[PDB]
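Coming up is one lone chain in structure tokens, specifically the form deposited in one PDB entry.
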């Protein structure tokens, strides 16, 4: 049926690391900044170190499995794991943080060119996950990280599921789920596909085009299903021409097969990125150590 996953899982010694400071803490757990210094290789690699009990070790290992199986410039790659008391996920340090916080903080300095390139890059990442038969199930602006303002990558595979065999849906059970980003069929029937990731892509783009507004702000999660059933959608962001908003609305069709595919999202946003100010109208757009090696260059 499917192909052998010959990915390599790299077990990193704790002595090869230097935790430097806490970057973030919350529901996921704790993320740290640090430096990885492999073996006697004269190299220092900036890394993010993530900790989430046997349940915690199981779930972080499921995440390590997925991240070790992806290799794409717009997906965060696993560097390895450290087998301490609690299992640590070691990944590439993304120095500018999550894109949600980035657009909120740099609102008045984000031009149409960046907004549309980010849409292209996120869609490339998602189309790659689709190539690997991976449904993310948690695409959102908080889960896109900023390597540089010109280069973003999808992260957080804690909900990601590998469609096997010839299966097309992933039928989930209970568990906390981000209601305001999920397709209507996911809310109602807990069915997840690449096309339900497309819906979340549309909410993510809306997050970017509003400079980090909260979807359905004020509405609790339990009415989302009924609001969506009435035909109500997120509103048109002020900077968005009808060309861009129409793309988002198509991501929110009831019929999942009517939504655009990620490879078509790449094409459309890529055409719009060639003439950004024809598609987004933003005020003032036109005026907007020695041995360190980035993980993307340590192969």
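Numbering follows the first chain given and starts at 1.
Below, we turn to the form deposited with a partner chain bound, even though it does not appear here.
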item: 4.5 Å heavy atom contact, residue 142 to its partner chain in the bound PDB entry; value: yes
item: Distance check, residue 161 to its partner chain in the bound PDB entry, heavy atom within 4.5 Å; value: no
item: Exercise: residue 178 in contact with its partner chain in the bound PDB entry, heavy atom 4.5 Å; value: yes
